[PDB]
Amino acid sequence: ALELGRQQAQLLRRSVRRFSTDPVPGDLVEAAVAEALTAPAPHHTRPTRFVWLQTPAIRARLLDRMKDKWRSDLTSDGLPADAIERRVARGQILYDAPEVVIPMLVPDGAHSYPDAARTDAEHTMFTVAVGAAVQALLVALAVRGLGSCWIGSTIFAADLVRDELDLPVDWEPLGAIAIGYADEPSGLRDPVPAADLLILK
């Protein structure tokens, strides 16, 4: 059971888009976030912050301001009205989701370099670390019976997130995580072989 339990974890993780209306224990969120932070991070750094959007008027106003920017940006692009609203409808999950947690990059412990190349490299390294912390959260949720779906939208509206949530300039949003009990039971995924995604040299 201990062997198996070890083997099962990451295969319970699906991108869940339809949530039942069962409230989420606060404690599972908190514990799952604690597990998430076992992900690796460069030494003497803390790249990841998780920003849990508990106040519904705050969640809501951030999402409306995002929606608004989306329509005007997609309109500049010359997309037709219907197509814009199709896209915008993709964001409805963040409105209805039982919980929402924004992962953010912060350059805590970042090394400082004089040149642009190594400064970008450093920010990249920090970016993949937050990426690792997000996977570890989705899996921590999934093993506590909780579904989730990573929505990348805040990445395209960093200034609006920062302004709305009153965060300093160097906090960088890396999406949004919708969290809830899935409306439909889902089994274990049976992953496929790596095939062309693994390259031998």
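A residue's number is simply how far along the shown sequence it sits, counting from 1.
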Stretch with the greater mean C-alpha B-factor as recorded in the entry, comparing 125-133 against 92-100: 92-100
Looking at the deposited entry, does 157-165 or 23-31 carry the larger mean Cα B-factor? 23-31
Just the C-alpha B-factor column, please: which of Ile151, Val143, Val51, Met66 has the biggest number? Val143
In terms of the CA temperature factor given in the entry, to which third of its chain does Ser76 belong: lowest, middle or highest? middle
Taking the values exactly as deposited, rank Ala39 by C-alpha B-factor within its chain and report the matching third: lowest, middle or highest. middle
Mind checking which third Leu62 falls in for C-alpha B-factor across the chain? middle
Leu2: C-alpha B-factor third of its chain, per the entry, is the highest
